[PDB]
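See below for the structure under consideration.
So you know, we letter chains A, B, ... as the sequences are listed, proteins then strands, and number each from 1. Only heavy atoms go into these numbers, but all of them, side chains included; no hydrogens, no water, no symmetry mates.
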Number of protein chains: 2
Amino acid sequence: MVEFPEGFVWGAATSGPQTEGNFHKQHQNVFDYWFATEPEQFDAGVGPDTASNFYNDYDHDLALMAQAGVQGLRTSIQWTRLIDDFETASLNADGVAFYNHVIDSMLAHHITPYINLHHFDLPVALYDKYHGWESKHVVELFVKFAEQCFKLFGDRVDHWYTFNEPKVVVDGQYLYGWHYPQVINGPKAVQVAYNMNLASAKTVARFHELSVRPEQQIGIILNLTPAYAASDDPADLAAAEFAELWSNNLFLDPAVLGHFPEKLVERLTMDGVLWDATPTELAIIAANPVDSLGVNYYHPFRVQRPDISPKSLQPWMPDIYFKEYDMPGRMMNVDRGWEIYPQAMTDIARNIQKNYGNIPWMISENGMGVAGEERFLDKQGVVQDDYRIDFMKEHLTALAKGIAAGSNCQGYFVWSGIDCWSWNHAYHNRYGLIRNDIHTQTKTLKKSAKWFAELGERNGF
Amino acid sequence: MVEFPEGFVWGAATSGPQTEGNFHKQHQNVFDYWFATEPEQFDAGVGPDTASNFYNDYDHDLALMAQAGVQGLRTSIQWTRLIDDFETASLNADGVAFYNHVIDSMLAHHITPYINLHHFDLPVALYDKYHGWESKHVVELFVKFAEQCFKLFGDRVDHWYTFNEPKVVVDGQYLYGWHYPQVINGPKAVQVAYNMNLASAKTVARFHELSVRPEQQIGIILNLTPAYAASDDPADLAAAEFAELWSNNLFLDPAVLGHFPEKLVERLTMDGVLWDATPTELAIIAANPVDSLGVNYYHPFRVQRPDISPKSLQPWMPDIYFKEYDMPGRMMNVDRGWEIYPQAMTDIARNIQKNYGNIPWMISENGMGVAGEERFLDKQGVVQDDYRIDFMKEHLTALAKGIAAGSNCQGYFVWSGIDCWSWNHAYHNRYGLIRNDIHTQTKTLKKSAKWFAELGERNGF
């Protein structure tokens, strides 16, 4: 009834910091330090130290993900586990052996690895020593870390990602206090956005120098949700224009087109907050675009005119040009406070098709979080998450409208395979196809897990 | 200047729970239990245990209402006072003796008795054992109770009411937390609204099985305030449409027309929350419409679209289809949060006239509550409540226009005669023509009282 291209990849996504636990990890990342420092900032004081126990139970967890129809698993390697000396990217042999075991175990369970290099997990010592992503020196050390990943694992991994959503690192570490170190500094944020874009192009350059097979590709993962204008009132449309240049073009254009959006550069220059670039850096960005795109979508995004004029005497923030808008009559997931609007998928598919060369791309994240799922256990122990299935039905149906009209979409990765630790929210919301009782680390497929499996075999629904 | 038809009843209204006190009352109703158990939920810690001392002082209390021009008095008999065993409706001899004394004292004072059977006072033991109005067994037990009242007092009581506003019991007990048990559950509310309509029809049948004089008639007291849309945008009149069906037609159509409003049942059906009804129950409802209508009006009712779509993921409530609206420029009773809009009574009179066969009806409640009436004591300790006299003239002016279009309105009852106990608000707001000083239980007539007595002696103002 609703079918998909031949060879479509049906996958799941997570990250290392949200699954492994900190068992025997040499270094603290910023979240590790934050929980060790301020456990009160974490739901029920549940931090990352055990997470979903993937460090100990990876082999059986991959078997369950295989039962749930996961053909490709996207996760990440932790900079703070793999590397001994950040300055030289010397190797921690127990961390090297651990990633070798999960990649081999993925292969034995017929799961194609999708390895991402960074998911919000900057080592805190590099923030102490250099202020982290503000340092073009840290940019080099990350490339050296990526180098080591490609040489150790490149023989078995075809699909790579530089970053999971650099924008969330910008927003979290430097604008709104979501990530330790919780800096509130707009101008610094602009430079960190530039530096991470430059880190990614440099990683793409290194990756292709060290390539061995043609099948090996490397991409980036971004949120590309449209910035819908509240109305056709010129202050609203102009707000949506900056919101999109800033929340999407900031990374899309360097990543795919190899340059920064011209109107955005103009705006930040006028406000005197523009990043420091060099022509050689800009040339490396121009010469090394990504090979593919991962798209994360959960909920739509609407903006209206700011309340006060952007010329007011206030610290510079991107938000001086736009304000979030709530649309009368929106379809809501009320407990989570999120609008449900599946066609945003279809708009994304059309944008990549028209404006970004129809570059090959996948939905790298899509999913629905629900609290207190114990309420929907049958006494056979299986969560009856019919809501998750309907959510996936609506969004896959809109994604199908995009593929049919010619969008080069190649895969759909659910967030997430197994319930995992959602930063300061920890396990308050569950996204998995598979349920984790985090007291015992005992995992059990939900109803949606069997549905996802049949979806992959039928390649539709 | 503003005159009324011949025979128009000028009366006053209260209830047993709000006047009697619990002196030697055998059983606890839901409010008694709530107060005995959470006194903090009631203004100044004042509960119903003494109320306005009507149990002890009914005789002199009645002599004063008669001085205030109360020609007929509506109040209620408490299920929890008259009945020994609820399962059989056996009699508590002291309760019977009390209500005989009250009724006989009314006629000795030439007040016509208007006796209502139920005013928010479900026995708490019937809730514990059966979940109260959710049980069709409890509906039968109420008919047994109603039958005893008819047999005991029908020899000198011509005018009866099955219920005072069952929608307030639905709303308070099962939707918004106003009444103990404070259940929040849309589906149950739907079933309780249906069950209470069924109890009233069953009571009407029993009443006419026993009625011997043609003067004997039984009615129901409803609030029929129109749902005024905020604007004529289609979303707001959709909201006003449902709010009308739900707040008025849900009770008025079964009571007067013999059937539930079809487009309401269609929407309750589509949403999966329809009550459980048998053919026999529906035929009883069709076959026993009430004889007359009691209308309570205090303030208008304005409605706009809901903030989110009724299809959002939320528990079913009637409120998913409409949100209240505050009209800019409203005339307000500021100390109370209530709009003043007397035209509404003209609209109700016309609705009843055109669309309900012009059934004999009365205003069973209308009044204004104000706090701290100590501030308007004159030199002889009489409240000078000109605000109350004005309020009456404006609403009587509107009623008289409805009658002049021919509407079959036959009387006007003010709330209230003596200041009585207003549930969780207790004695914060006073509505009476007669002030009650509650520490000593001394009642003195307000200035509005002498004005009410002249209005009846003249049929106008």
Side-chain angles (χ1 to χ4, degrees), chain A residues 228 230-233 297-304 323-344 366-376 383-398 415 428-431 446-448, chain B residues 171 174-177 182-190 227-246 263 267-273 301-328:
Chain A
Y228 294 138
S231 76
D232 290 21
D233 173 356
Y297 177 82
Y298 293 88
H299 58 70
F301 175 45
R302 309 172 180 289
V303 309
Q304 63 186 305
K323 163 175 190 190
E324 191 192 80
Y325 173 64
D326 305 311
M327 174 165 91
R330 56 197 171 279
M331 166 93 70
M332 293 291 285
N333 165 23
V334 163
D335 281 341
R336 276 284 275 166
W338 284 4
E339 191 179 330
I340 294 144
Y341 195 74
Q343 189 203 234
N366 185 228
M368 173 188 179
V370 172
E373 290 197 302
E374 312 79 20
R375 301 178 288 163
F376 329 98
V383 173
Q384 302 303 295
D385 59 326
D386 295 273
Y387 43 87
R388 186 161 287 107
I389 286 177
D390 291 324
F391 180 93
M392 293 174 66
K393 281 184 187 170
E394 297 185 42
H395 289 79
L396 283 178
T397 293
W415 188 280
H428 178 81
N429 298 122
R430 309 299 184 97
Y431 294 77
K446 308 180 200 183
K447 188 171 186 282
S448 59
Chain B
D171 289 353
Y174 288 93
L175 295 166
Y176 312 116
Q182 301 192 274
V183 167
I184 315 297
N185 184 311
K188 291 182 175 163
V190 167
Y228 296 151
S231 67
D232 41 75
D233 168 57
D236 296 339
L237 305 116
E241 191 172 327
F242 182 95
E244 193 84 46
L245 291 181
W246 173 258
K263 169 70 227 168
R267 184 77 41 63
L268 300 181
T269 302
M270 291 167 68
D271 294 352
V273 301
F301 181 30
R302 316 196 168 258
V303 155
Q304 70 190 137
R305 76 195 293 174
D307 291 344
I308 71 186
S309 163
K311 306 212 205 294
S312 296
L313 313 173
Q314 64 199 325
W316 190 93
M317 305 303 269
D319 310 75
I320 62 175
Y321 291 115
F322 63 90
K323 172 181 178 187
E324 201 180 7
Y325 173 71
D326 298 320
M327 193 192 55

Query raised in the report: What is the distance from atom CG of B:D307 to atom CE of A:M332, rounded to the nearest 0.5 Å?
Result: 10.0 Å
Query raised in the report: Closest approach of B:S309 and A:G329, non-hydrogen atoms and distance?
Result: CB-O, 3.5 Å
Query raised in the report: Shortest non-hydrogen contact from B:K311 to A:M331?
Result: O-SD, 3.2 Å
